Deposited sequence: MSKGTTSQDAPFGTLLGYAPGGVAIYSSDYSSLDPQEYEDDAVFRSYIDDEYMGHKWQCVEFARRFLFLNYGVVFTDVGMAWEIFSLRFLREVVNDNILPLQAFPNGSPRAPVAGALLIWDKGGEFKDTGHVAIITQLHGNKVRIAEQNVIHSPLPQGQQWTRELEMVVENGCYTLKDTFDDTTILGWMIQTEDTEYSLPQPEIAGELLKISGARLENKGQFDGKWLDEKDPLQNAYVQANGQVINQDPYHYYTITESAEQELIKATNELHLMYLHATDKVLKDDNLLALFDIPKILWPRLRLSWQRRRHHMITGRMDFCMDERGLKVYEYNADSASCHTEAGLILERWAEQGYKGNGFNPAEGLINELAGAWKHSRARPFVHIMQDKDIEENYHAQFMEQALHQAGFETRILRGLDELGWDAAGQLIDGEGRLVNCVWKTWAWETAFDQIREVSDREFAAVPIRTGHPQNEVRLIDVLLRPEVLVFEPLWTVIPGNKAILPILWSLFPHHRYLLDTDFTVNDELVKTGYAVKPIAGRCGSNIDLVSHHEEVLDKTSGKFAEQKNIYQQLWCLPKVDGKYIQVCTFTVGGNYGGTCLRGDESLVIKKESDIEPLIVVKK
């Protein structure tokens, strides 16, 4: 049948649609049940996630290809943002495949690159029935709630399934259970595949003059702030394998889920929330934000240490992150200007990824962009306006707060008298929180915002905390963006392969490993102390956050490659991977001024 024709249903009344597109017949492809994303119409993964969500209220994280599901080790229980264990069993297992189980195909043969996923609906003595999308594209017999049956051989308590295809490879099945018996250990990637490698373009003088296009306003805003410069030596770049990017993608999606799970735990317990030093008057507002804008985050940036020892996350800049322009535009132009290879810039789709996120946000039609008066934020703010524009929103850029004012009744208006009720900001929420802390000893029954002023002087907090102004990033993002969340994540996922032991005191293990001291609300590599296991100060930075509470994180130094310490960063857009970029510095501490290093992912 044509694309999206209803073919029948799997157990429980879960539809099965034809996913046959033809050359003869982009946001419309996103399949959602409420605010929960099921996948892409009407692929194998979309059916499997929807089946699991409609029948058991659970879902698995975003994956590029179906075969990757087999590498996952948990499922998110949607109604309470809970995390359940998911075990994997290889085909030919003592662990029989029960109804409800995920059945995964590695890539290969009939499922060439994608691999495949289906749901086991019923087990028999010598076969199982399964349901799936993207195999059967014709209507199923009336009332039949399975698409295919696969023969199952049961020898000596071992179970083996055989496909109806002759060139495919069945990885195995998956069960949501705490019972690890017979299960496969979580796949671990070979260190060597994570090594970052230096490389060099041929010098044909490609970066001699004005290589950035000064006709493009965005690029020129970038030059006004930085010159025709990305890194020290533009002829030099670094590369990472595709296996490595795949690993980056996987960790980004998983850690985003871990962080929102620890955010939920935080907001559910005053003792945990207290650890963040956020003004108590905001607490109920933080809870309400989390409840109603749960799915409204547009973008954030994770900072990682990646090399042969593995993948580790230092932090998640979820409130207000930048580098998007550098990764998604300047490096594109850099590649266009001088890269002649087969590889690619892992951040190439960032602008479109952002546009999609905005299309599916609940942002108002007109969005005011609030940036500070720093030429450096100009391009960041304009790069985002480009995504907003592409998604169909109207915008106006506010530089500083001077243009903002109030009518007689106190409504917030811009320099043109237009009402400001939706803003995307470059300002960190914490900056506004400082305005409440300044008058901490006053007895306000509410966030002390102004609804009027003789001189019409509008402060940041007078915009961001007006109840009817719809702000992005949402207020709750200050929680995953606050390093006080690291000890909590370590407590929730002790010894997780991507986490570093982090604590509020230098505990015993940190003593022996050496640690990094970081302010909980700092950024840009400010006020950071790196202390060795030999108890010597390896490095230290200055900055405005010296008075804040600090956390202590197990020392795990950036690798040094081709003379520079290299840090890997990934972007999240709507909660999922949206790209990777590199920061390189002569020291162990990346900072606001550290270079962005051209990165090419090679297959």
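Taking the first deposited residue as 1, the stretches without any C-alpha atom are 1 to 9, 35 to 40, 619.
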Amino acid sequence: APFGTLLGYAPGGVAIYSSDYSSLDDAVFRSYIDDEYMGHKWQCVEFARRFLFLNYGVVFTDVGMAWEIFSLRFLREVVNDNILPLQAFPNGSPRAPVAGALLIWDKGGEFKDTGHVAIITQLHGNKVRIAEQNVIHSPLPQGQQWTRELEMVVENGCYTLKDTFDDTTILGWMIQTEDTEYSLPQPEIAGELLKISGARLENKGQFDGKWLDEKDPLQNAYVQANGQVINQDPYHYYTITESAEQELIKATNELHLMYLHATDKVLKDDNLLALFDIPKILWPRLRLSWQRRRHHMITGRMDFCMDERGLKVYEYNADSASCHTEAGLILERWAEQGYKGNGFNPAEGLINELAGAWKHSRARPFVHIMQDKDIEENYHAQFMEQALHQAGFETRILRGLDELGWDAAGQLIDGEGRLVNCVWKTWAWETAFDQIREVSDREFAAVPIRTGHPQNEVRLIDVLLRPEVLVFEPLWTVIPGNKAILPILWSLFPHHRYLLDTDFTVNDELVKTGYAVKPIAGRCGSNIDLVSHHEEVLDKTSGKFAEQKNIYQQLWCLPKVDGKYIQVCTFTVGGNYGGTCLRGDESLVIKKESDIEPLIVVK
From here on, numbers count along this sequence of modelled residues.
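Each form is matched to the other, and the largest set of C-alpha atoms that superpose within 1.5 Å is called the rigid core.
When the other structures are laid on the shown form by the rigid core, the stretch among 318 to 326 and 126 to 134 with the greater C-alpha deviation in 4 other deposited structures of this protein turns out to be 126 to 134. With 157 to 165 and 505 to 513 as candidates, the stretch whose CA atoms show the greater average offset from this form in 4 other deposited structures of this protein after a core fit is 505 to 513.
In at least one third of the other compared structures of this protein with flanking residues present, residue 440 is left unmodelled.
Compared with other entries of the same protein, residue 68 falls outside the group left without coordinates by a third of them; all model it where both flanks are modelled. For the pair 98 to 106 and 365 to 373, the mean Cα B-factor is higher in 365 to 373. As recorded in the PDB entry, 534 to 542 is the stretch of 38 to 46 and 534 to 542 with the greater mean C-alpha temperature factor. Out of 251, 154, 257, 355, it is 154 whose C-alpha atom has the highest B-factor in the PDB entry. Listed residues 18, 587, 594, 580 were ranked by CA B-factor as deposited; 18 comes out on top. Sort the modelled residues of the chain by CA B factor and residue 287 lands in the lowest third. The entry lists a Cα temperature factor for residue 548 that places it in the highest third of the chain's modelled residues. For residue 75, the recorded CA temperature factor ranks within the middle third of the chain's modelled residues. Residue-level temperature factors show residue 56 in the lowest third of its chain, judged at the C-alpha atom. In the deposited entry, the Cα temperature factor of residue 165 places it in the middle third of its chain's modelled residues.
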